Amino acid sequence: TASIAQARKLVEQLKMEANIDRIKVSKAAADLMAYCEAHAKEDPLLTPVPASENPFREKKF
Amino acid sequence: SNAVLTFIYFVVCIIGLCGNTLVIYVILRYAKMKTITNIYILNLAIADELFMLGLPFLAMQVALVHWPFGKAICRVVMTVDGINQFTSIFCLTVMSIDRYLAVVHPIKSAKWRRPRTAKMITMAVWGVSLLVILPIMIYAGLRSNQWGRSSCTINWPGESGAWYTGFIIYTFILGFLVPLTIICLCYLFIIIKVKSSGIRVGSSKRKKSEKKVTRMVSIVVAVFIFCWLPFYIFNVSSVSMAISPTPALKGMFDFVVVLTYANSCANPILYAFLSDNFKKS
Amino acid sequence: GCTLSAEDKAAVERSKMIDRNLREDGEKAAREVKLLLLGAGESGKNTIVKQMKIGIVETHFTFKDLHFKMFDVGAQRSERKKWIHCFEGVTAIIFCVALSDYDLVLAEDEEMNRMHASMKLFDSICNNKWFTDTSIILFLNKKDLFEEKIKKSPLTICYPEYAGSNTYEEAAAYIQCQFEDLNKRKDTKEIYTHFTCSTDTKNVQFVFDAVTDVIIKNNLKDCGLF
Amino acid sequence: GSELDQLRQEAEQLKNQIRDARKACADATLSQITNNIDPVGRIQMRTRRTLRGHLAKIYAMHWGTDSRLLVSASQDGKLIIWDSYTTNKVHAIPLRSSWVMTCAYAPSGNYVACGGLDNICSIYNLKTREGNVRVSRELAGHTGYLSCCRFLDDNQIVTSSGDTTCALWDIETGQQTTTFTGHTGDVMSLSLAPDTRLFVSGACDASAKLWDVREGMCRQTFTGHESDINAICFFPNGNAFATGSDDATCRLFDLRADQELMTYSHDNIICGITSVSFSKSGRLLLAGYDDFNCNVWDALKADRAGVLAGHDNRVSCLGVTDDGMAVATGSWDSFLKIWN
Amino acid sequence: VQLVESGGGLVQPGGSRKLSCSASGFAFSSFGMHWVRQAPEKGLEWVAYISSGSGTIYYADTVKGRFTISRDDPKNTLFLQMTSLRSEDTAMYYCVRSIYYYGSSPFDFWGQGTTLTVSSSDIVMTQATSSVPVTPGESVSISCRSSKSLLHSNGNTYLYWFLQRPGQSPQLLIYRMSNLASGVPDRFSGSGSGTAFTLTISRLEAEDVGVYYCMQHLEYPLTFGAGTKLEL
Ligand SMILES: N#Cc1cccc(-c2ccc3ncc(-c4cc(F)cc(F)c4)c(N4CCC(N)CC4)c3c2)c1O
């Protein structure tokens, strides 16, 4: 009669997590792809940049 | 026979070059000063590599005995051969002393030697090698022979009958006699320390560990003696009793020279390959 | 190189001094002996302030010009797998046990025994993917309790397949053989066994001898003669 | 007994309700929608900077806000601050306890945090009139070893511990203001949202819980793994996160829709993942392994766009700057590399 | 933090003394030290500099080969030794504290200083204005110019602004002509481009009266600037 409190708390927790809003997976995937596309221009790792604006270029010494 | 001797020269040169280059490349590319042992091994390999370059020049002395290179080339090759010889011997002695200090006196002496004294010891070894090889040997110069072809040989100074004996006994003392005592004492004391450590605390495998170390000591000392002994005895015997120059004498002298050069290519096959480098390579 | 200003040269000097301080501090830390101490609990781990002394608990002491650092990790009460790799480079793991209380079959679980668990722990520790090439030194117990407990109760027969009985030498040798025949390497790892006595000095000389033997073996394996 | 059994039955009924409410929305999969896009080229990066000076294993590192300074923690009891443009050393902070497992760097640049295996989180002050670095205060109260810490603000910090609990702290006073409980196993990592209003944490029970900083109440729980979770990080959008486990698998999760998205696995690799990090544009996902090598994955096609091999020991930590210019890698061979 | 100088007094041309300086309240052995000449009713002048750990010592060509600067770390004292003293050695000697790393602020604490009266290519030192009659409640703009561009390819301009008030030592105002020093009011601001520089004070009050100086740290022969005295 000691774990009843923990069981009731867990049941109350699992009874609350179901009262939330959801969306469709396709819409989320499309939004994620849209973000990746729209921020793809200025990613230095995706697009190699010339040595003029690179501060990490290896020098002679 | 003579062509066979030249072919033996070439094959031992190729073997020494390939092995020493492989060891140096592996150490530099992978280890990068992991331990002072690798530092000493690199020091030994650098000296052994430079041996193999000199011998092809010695081939011209062996076959087609006439020397068209001149005086500068012969003096340079003699100087580099002597410097490399003495630095290799001194590196072997220093390695033996380092092992003895590491094992027998670990609590006290190993503390001081470990950090950076190795570079100073290397500089001192090279310096003493130069100081011992240059002032006495650079007297060499081309000497006319009864064959009629210029040959590379140490020039005889005045009162050479005693000077040559003094030179040979001095180089026998410094080159052969001193290193043997150091190596034997250090390795025997290492054996005694291992046995005492085994007996002091109950160890089941104490019998197994002792067996390998003695075998390695025997292999090292035996190969060193077998490579370096015939030359000095040949010299002292030829000086003691006069003997006429014969084709057999020249062939056996060549054999003695190649046998003495053999120690070089033997060194990295033994020291580096049989150590904890086996898993690394 | 020469293109630096006056500020960057002083910055480089500062960095060089930091490097030299780091190197000289790290040189001294390489000549310390690290010991990892494990035990079943009340098996004698707390007996340190008397035997060798005049979160993770750490104690420092010296003996015959040698620095020691003992780490007590028995109070962590956490999953061992997630942090056991932090002691990959230690020297001479110490496994303190107390098996003189064998016939007293208790587990605090009503089903098991101290001896069996202790061997489970010993086998678990000794055969990790780490801790290979790491020697183990064993401390057994104070023998007087075993003396006075085997005479009155011939309960040693509770161990299956045992022939002798009520002989301290035979039982102690049998237990030592039982532990020393548990390691699965038997070729690259060594085990040292000792019996603790009331004397204060006798419990430190053994540790000093064991650690110096381990150091000598490591030097032999490192210098290529092995 | 009977009450316990009926409570368990009610819990299983709620679990079934969650299971069959999640499954109604899983209409399509990401790969079949993303197949229209053109794959990224084979990314090849070179080593530009090699940082040396540590004498033991490297366990953690963190990038500064200016993306030029970084702090790294190692097991030799030292804490070094680097200048990544010239390889110079700015600071070296000795520690009271040698064993550390994590480190953090304040967003303003005034404080550095460290801790691990001693159940104490320490705070260091870098800008003093005295001319040295001194510890400001030590945080105590946890029971298990510390596994991660992140500076929420200049006066707040959130930590995760091996006692299965995460706690928020008030640096000025030194008392826990909020405690988060519910993980069955050990908590190993956490990551803060860009708005500092939510955070996640991965635990040894193969589950990750989305917490809430303000009210201190758990919101969502994600499953799908089969072993320990060792790394976690947010997508730059703030609506997704990727987890790395010890089953040689990386997975991507979505917050708005409670469903699995992607799996990053290959039959050629069967080793565990140590660190996970994202990129500035969110296109390529980086993950370090214990097979001595790193790997660069395309976040949209689950394909190896390249490799990153420069270490001879296990890779333990990863980091990407705020401007996306470079990436840093730390390993157990006591060497730090900067790749571009 | 405190910095007290010792060894002053009155000297003769055939005389020699050993100045002293004691530092308390901070880590002395991790800082660079300077000496700055300041003649009565004249401007400032750099003299000498010793690095941290005694790794580097620089002098001025005007007193090269004539002064010796040493460091005493465990006892936290600094010394300057003089051999021969000309008539032009009368000044108001100061000890300056500076530390160099990425993002630091050198010349932050100027010390109290002491007095010593003696009985009777390089960058140019130039400023346009010499005095300005000002009334509180408005803005003041001060200009300083050099003969060479102070800008490096990395992007740092080494121009230092600081103020001296009567009866007390000078204190740092702006370092690297972009940043305000710690504890300095936000009323002050600095800017420039290449060779042209300016210093603007948004609001003026009775505590902002004194003499202003400009210094460059481009090369080790440190040259100060003229004074722009503001009178209430
Ligand atoms: N140290 C020393 C040292 C100690 C004692 C005697 C000598 C000594 C004296 C006279 C020599 N005369 C000719 C040659 C020679 C030259 C060649 F091109 C080819 C060749 F087959 C032989 C020698 N060589 C070169 C140096 C060594 N390899 C040994 C053989 C000579 C060595 C020493 O050099």
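Residue numbering: from 1, along the chain as shown.
Keep in mind that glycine also has a Cβ here, set from the backbone N, Cα and C atoms.
Taking the Cβ of D:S2 (N-acetylserine) as reference, no residue of its chain lies under 8 Å away while being at least six apart in sequence. According to Swiss-Prot, the feature N-acetylserine maps to D:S2, an assignment based on experimental evidence.
According to Swiss-Prot, the feature phosphoserine maps to D:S2, an assignment based on a large-scale study or a structure entry. When secondary structure is read from DSSP and collapsed to three states, D:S2 (N-acetylserine) falls in the helix class.
D:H266 (phosphohistidine) falls within neither a helix nor a strand when secondary structure is assigned with DSSP, and so counts as coil. If you look up Swiss-Prot, you'll see D:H266 marked as phosphohistidine.
With DSSP states grouped into helix (H, G, I), strand (E, B) and coil, the repeat 'WD 1' (D:46-94) comes out at 0 helix, 29 strand, 20 coil. Summarising the annotation, Swiss-Prot assigns repeat 'WD 1' to D:46-94 and lists experimental evidence as the type of evidence.
Sequence annotations record features per position, and here Swiss-Prot assigns repeat 'WD 5' to D:224-267 based on experimental evidence. Sequence-remote contacts of a segment are chain residues at least 6 beyond its ends whose Cβ falls under 8 Å from one of its Cβ atoms, and for the repeat 'WD 5' (D:224-267) they are 22, 25-26, 30-31, 185, 188-195, 200-204, 206-208, 210, 273-278, 280-282, 285, 287, 297, 299, 302, 304.
According to Swiss-Prot, the repeat 'WD 7' annotation covers D:310-340, on the basis of experimental evidence. Note on the repeat 'WD 7' (D:310-340): residues 45-52, 54-63, 65, 67, 70, 72, 74, 82, 84, 274-281, 286-290, 292-294 of its chain, located 6 or more positions outside it, place their CB under 8 angstroms from a CB of the stretch.
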Go ahead and report the DSSP secondary structure tallies for the repeat 'WD 7' (D:310-340): helix first, then strand, then coil. 0 helix, 15 strand, 16 coil
Do any residues at least six apart in sequence from D:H266 (phosphohistidine), in the same chain, have a Cβ closer than 8 Å to its Cβ, and if so which, in order? D:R304
